Amino acid sequence: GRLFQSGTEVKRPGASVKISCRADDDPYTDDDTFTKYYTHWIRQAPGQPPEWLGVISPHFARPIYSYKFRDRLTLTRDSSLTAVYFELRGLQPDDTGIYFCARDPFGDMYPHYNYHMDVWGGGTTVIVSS
Amino acid sequence: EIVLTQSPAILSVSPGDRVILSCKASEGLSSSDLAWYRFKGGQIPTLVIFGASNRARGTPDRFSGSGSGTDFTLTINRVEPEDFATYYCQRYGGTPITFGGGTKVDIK
Amino acid sequence: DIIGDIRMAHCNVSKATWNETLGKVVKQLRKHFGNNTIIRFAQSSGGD
Amino acid sequence: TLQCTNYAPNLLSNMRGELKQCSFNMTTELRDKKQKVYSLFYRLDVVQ
Amino acid sequence: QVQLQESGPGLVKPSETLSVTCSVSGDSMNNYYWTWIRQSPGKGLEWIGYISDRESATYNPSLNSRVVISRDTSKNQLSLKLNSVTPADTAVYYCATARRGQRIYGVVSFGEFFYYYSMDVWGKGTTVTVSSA
Amino acid sequence: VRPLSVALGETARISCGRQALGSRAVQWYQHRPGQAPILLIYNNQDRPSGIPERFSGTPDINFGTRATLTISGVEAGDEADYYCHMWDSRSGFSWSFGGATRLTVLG
Ligand SMILES: *[C@@H]1O[C@H](CO)[C@@H](O[C@@H]2O[C@H](CO)[C@@H](O[C@@H]3O[C@H](CO[C@H]4O[C@H](CO[C@H]5O[C@H](CO)[C@@H](O)[C@H](O)[C@@H]5O)[C@@H](O)[C@H](O[C@H]5O[C@H](CO)[C@@H](O)[C@H](O)[C@@H]5O)[C@@H]4O)[C@@H](O)[C@H](O[C@H]4O[C@H](CO)[C@@H](O)[C@H](O)[C@@H]4O[C@H]4O[C@H](CO)[C@@H](O)[C@H](O)[C@@H]4O)[C@@H]3O)[C@H](O)[C@H]2NC(C)=O)[C@H](O)[C@H]1NC(C)=O
Ligand SMILES: *[C@@H]1O[C@H](CO)[C@@H](O[C@@H]2O[C@H](CO)[C@@H](O[C@@H]3O[C@H](CO)[C@@H](O)[C@H](O)[C@@H]3O)[C@H](O)[C@H]2NC(C)=O)[C@H](O)[C@H]1NC(C)=O
Ligand SMILES: *[C@@H]1O[C@H](CO)[C@@H](O[C@@H]2O[C@H](CO)[C@@H](O)[C@H](O)[C@H]2NC(C)=O)[C@H](O)[C@H]1NC(C)=O
Ligand SMILES: *[C@@H]1O[C@H](CO)[C@@H](O)[C@H](O)[C@H]1NC(C)=O
Ligand SMILES: *[C@@H]1O[C@H](CO)[C@@H](O)[C@H](O)[C@H]1NC(C)=O
Ligand SMILES: *[C@@H]1O[C@H](CO)[C@@H](O)[C@H](O)[C@H]1NC(C)=O
Ligand SMILES: *[C@@H]1O[C@H](CO)[C@@H](O)[C@H](O)[C@H]1NC(C)=O
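If you read the protein sequences in the order shown, they are chains A, B, C, D, E and F.
Numbering-wise, the first sequence is residues 2 to 35, 35A to 35F, 36 to 52, 52A, 53 to 82, 82A to 82C, 83 to 100, 100A to 100H, 101 to 113 according to the entry's author numbering.
Numbering-wise, the second sequence is residues 1 to 27, 27A, 28 to 107 according to the entry's author numbering.
Numbering-wise, the third sequence is residues 321A, 322 to 368 according to the entry's author numbering.
Numbering-wise, the fourth sequence is residues 128 to 140, 149 to 183 according to the entry's author numbering.
Numbering-wise, the fifth sequence is residues 1 to 82, 82A to 82C, 83 to 100, 100A to 100P, 101 to 114 according to the entry's author numbering.
Numbering-wise, the sixth sequence is residues 8 to 66, 66A to 66C, 67 to 95, 95A to 95C, 96 to 108 according to the entry's author numbering.
Right under this line is the structure:
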């Protein structure tokens, strides 16, 4: 139905942030959502168009990064099959804005092999100052 | 890299007509990898259309749109007060994917 | 228990035929990206 | 609860963190009695 | 050929600095590893310590760091210092050499091997008795 | 300290109290009372110069065997005790020597 991510954390230049985007909030749940569906992470700055930040596969959480955020972005999931994480080390005063996580089959399902982000979840905000 | 631009950046219309949301591609899109999203300030950005022309689950009959090659159009049948929000188009294919800049409708 | 030596399992591959197979698959893959493109094999990304 | 320490201590080889020795209680065919057992588990099998 | 001579004070007062020195004649000390073995009456042998080309004085952990190992290349000598000694280790000392050979059982690339120290050439050894009288 | 009594002529097999566990590399010693200790057998097969060719050890093939010392042609002056140094993989750096097997030949 809808995805869930929490966090309104402020940050300092030189630290790391951790954003968890879970599906079905109760912790002891077996949604199976992070199991056959790819998940896109997308950043958006205010007054700027949204840019791609990184997709994670549901097979064994194999991440696919971009060339702009390659050497300072690690993301995976825990032992339970929910709650993918988002660790962005090497902060900057340029990426202040909102973050989104969206579910996407990415052409791996059985009907029609579609390409669509059917549901987006929440949208957190990350600011940094001193 | 295929850059996705949108020339109608500012749009204004009355409730109850048809609007055209055009988008230009750079060099030869595959005409089956494109998506439209309805963004707003502090809300949940939902999807409105699949691919070239295929509706989603939570989409009424008034939302449609086609296009092929390098030009893609979104054709809304009627304008509602629950639709005055910005729109963002995106493509697929090789990583990284890129959005289509940004457009916005308004009430006047 | 372990009655013997505490060792680690390890898989052995022959270096010469593996290097020849890598050169052959590089020469095969070079038919799609021109001549002067540096193909670089790297390690895995991460995850589970 | 697995009371688990390091098996084969002060070994200067590569395999150091793995092969941990743990002891625990286990039920038997008589449900009033228990049985203390010892076993070896790998590093990827036990969490503190 | 490497020859070892010994020297000793003989009479040692308890709880002060003990010093027993063996001397090397015949070759240099670049590769051979010098070790010391204590033999006490009423028990077996005992390893005091050894030295190598890394200048690491690895002591036995059952001595509570009561021995100090040092060597010297300018005078062909080596110093064996002690402090706060007991009157219950009246024993004859030994100065020996040791060669290091590796024993490999698996693959050398992972480190599945170990070291030993063989003592082939030994010294004569002079007894050192400690007593309050 | 363990005693042993072996008469003249026949051979003898002397084991040490340390049970070997793993790849073995022993250094058999021999210490006369008052004299200097000498190295008899190192690395389970080899032998240094000056030692006669009467002391044979045990190889490391078919692990599970006992590391013993064979004295072929025992003479009358073999009253010195031996030392079985143990160097293996699991026990790490061994510091002590072990039990001294005192061989007392009669006659
Ligand atoms: C994947 O690949 C890797 C490599 O890429 C494989 O790892 C290899 O694993 C084997 C065993 O699984 C290791 O063999 C071991 O080697 C040590 C020491 O190495 C000896 O051999 C070297 C080769 O030279 C010739 O000598 C041997 C005989 O020793 C011949 O059989 C060979 O064919 C070679 O022609 C040699 O260079 C070494 O150097 C020393 O040489 C002399 C002799 O000491 C010295 O003068 C030198 O100064 C130098 O020190 C050495 O000779 C052996 O010790 C191991 O054998 C012992 O242990 C066995 C198991 O316990 C036991 O059965 C044996 O009998 C033996 O025990 C005793 O036997 C000797 C008989 O004389 C005694 O003298 C000795 O004291 C001992 O106590 C063992 O054979 C490889 O080294 C290793 N490779 C590398 C690079 O490390 C891996 O297996 C592969 N995996 C798979 C799945 O395929
Ligand atoms: C696999 O992906 C590639 C890359 O997107 C697809 O190739 C693209 O195909 C379109 C036609 O469907 C090409 O558009 C054409 O462009 C020329 C000008 O270059 C124009 O004159 C034509 O009228 C047409 O619009 C596009 O250029 C081409 N892109 C590239 C990089 O070659 C391909 O269709 C995909 N599918 C396969 C191979 O099945
Ligand atoms: C179930 O147990 C595992 C094993 O401890 C938990 O995984 C760890 O969770 C903590 C949370 O503080 C992390 O710091 C560790 O890095 C995790 N270990 C990993 C990923 O190997 C897991 O969270 C537990 N699930 C629950 C409690 O729902
Ligand atoms: C692997 O096993 C085969 C089995 O016959 C053998 O022929 C070969 O020499 C072994 N080693 C390598 C490196 O292939
Ligand atoms: C691999 O094969 C090529 C053949 O073109 C050769 O030039 C090269 O030296 C070989 N080895 C390595 C490590 O690349
Ligand atoms: C790359 O080199 C090969 C050499 O055999 C040649 O056949 C091929 O045409 C070259 N590629 C291009 C794009 O020219
Ligand atoms: C098994 O149960 C007994 C009962 O008191 C307890 O003392 C013991 O510690 C238990 N074993 C382990 C390994 O905890």
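C-beta: ideal position from N, C-alpha, C; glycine also.
Shortest Cα-Cα distance from A:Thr68 to any of A:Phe80, A:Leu75, A:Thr76 and A:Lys62 involves A:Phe80.
When 7 Å is used as the limit between beta carbons, F:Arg94 is near these residues of chain D: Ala135 and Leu138, in chain order.
Look at E:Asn64 here: in three-state DSSP terms it is coil, with no helix or strand label. Three or more Cβ pairs drawn from the segment 9-27 of chain F and the segment 70-81 of chain F lie within less than 8 Å of each other, which places the two stretches in contact. Within chain E, the residues whose beta carbon sits less than 8 Å from that of C:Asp325 are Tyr100B, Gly100C and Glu100I, listed in sequence order. Counting C-beta pairs closer than 8 Å gives three or more between the segment 47-55 of chain B and the segment 31-39 of chain B, which meets the contact rule.
Inclusion of A:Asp72 in the 7 Å shell around ligand 3 follows from its C-beta lying nearer than that to a non-hydrogen atom of the ligand. For the 8 Å CB-CB criterion, E:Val82C and E:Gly106 do not form a contact. From the beta-carbon of E:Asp101, the residues of chain F found nearer than 7 Å are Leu46 and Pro55. Interface criterion met: the Cβ of E:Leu45 is under 8 Å from a Cβ in chain F. In this chain, the beta strand (DSSP E) harbouring E:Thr21 covers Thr21 to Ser25. With respect to F:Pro44, F:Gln37 sits close: the two C-beta atoms are nearer than 8 Å.
Between F:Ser97 and the set E:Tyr91, E:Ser28, E:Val12 and E:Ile48, the nearest pair of CA atoms involves E:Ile48. In the same chain as A:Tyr59, and ignoring 5 residues on each side of it, the C-beta atoms closer than 6 Å to its own belong to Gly49 and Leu67, in chain order. Between the alpha carbons of E:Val2 and E:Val24 lies a gap of roughly 7 Å. By DSSP's assignment, D:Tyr173 forms a beta bridge with D:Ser158. In this structure, F:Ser30 has its CB closer than 7 Å to one or more heavy atoms of ligand 1.
The Cβ atoms of A:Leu4 and A:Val102 lie closer than 8 Å to each other. At the C-beta level, E:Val109 and E:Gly10 come within 8 Å of one another. By a beta-carbon distance limit of 8 Å, A:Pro14 does not contact A:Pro100B. Their separation comes to about 47 Å.
Distances from the CB of A:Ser60 to the heavy atoms of ligand 4 are all 7 Å or more.
Closest in C-alpha terms to A:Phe54, from the list A:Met100, A:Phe63 and A:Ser73, comes A:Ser73. Annotation: Cβ neighbours of E:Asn60 in chain F (cutoff 7 Å, chain order): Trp96.
When the alpha-carbon of B:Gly41 is set against those of A:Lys19, A:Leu82C, A:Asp65 and A:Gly88, the nearest one is in A:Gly88. In this model, B:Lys24 and B:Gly64 are separated by some 14 Å (Cα to Cα).
Residues of the segment 56-68 of chain A whose Cβ lies closer than 8 Å to any Cβ of chain C, in chain order: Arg56, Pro57, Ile58, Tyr59 and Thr68.
Assigned with DSSP and collapsed to three states, F:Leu73 falls in strand.
Those residues placing their Cβ nearer than 7 Å to any heavy atom of ligand 7 are, following chain order, D:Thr128, D:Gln130, D:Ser158, D:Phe159, D:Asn160, D:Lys169 and D:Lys171.
Ligand 2 has a heavy atom closer than 7 Å to the beta-carbon of B:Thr69. Taking C-beta separations shorter than 7 Å and ignoring five residues to either side along the sequence, the partners of E:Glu6 in its chain run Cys22, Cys92, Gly104, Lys105, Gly106 and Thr107, following chain order.
Contact check for B:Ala84 and B:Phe38: beta-carbon distance about 7 Å, within the 8 Å limit, so the pair qualifies. In this structure, the C-beta of C:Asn332 approaches ligand 4 to less than 7 Å from one of its heavy atoms.
Where C:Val346 is concerned, there is no enclosing beta strand (DSSP E), although the alpha helix (DSSP H) around it starts and stops at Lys335 to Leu349. Residue pairing for B:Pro95: DSSP places it in no beta bridge. Collapsing the DSSP output to three states places E:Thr58 in a strand. In the three-state reduction of the DSSP assignment, A:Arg38 falls in the strand class.
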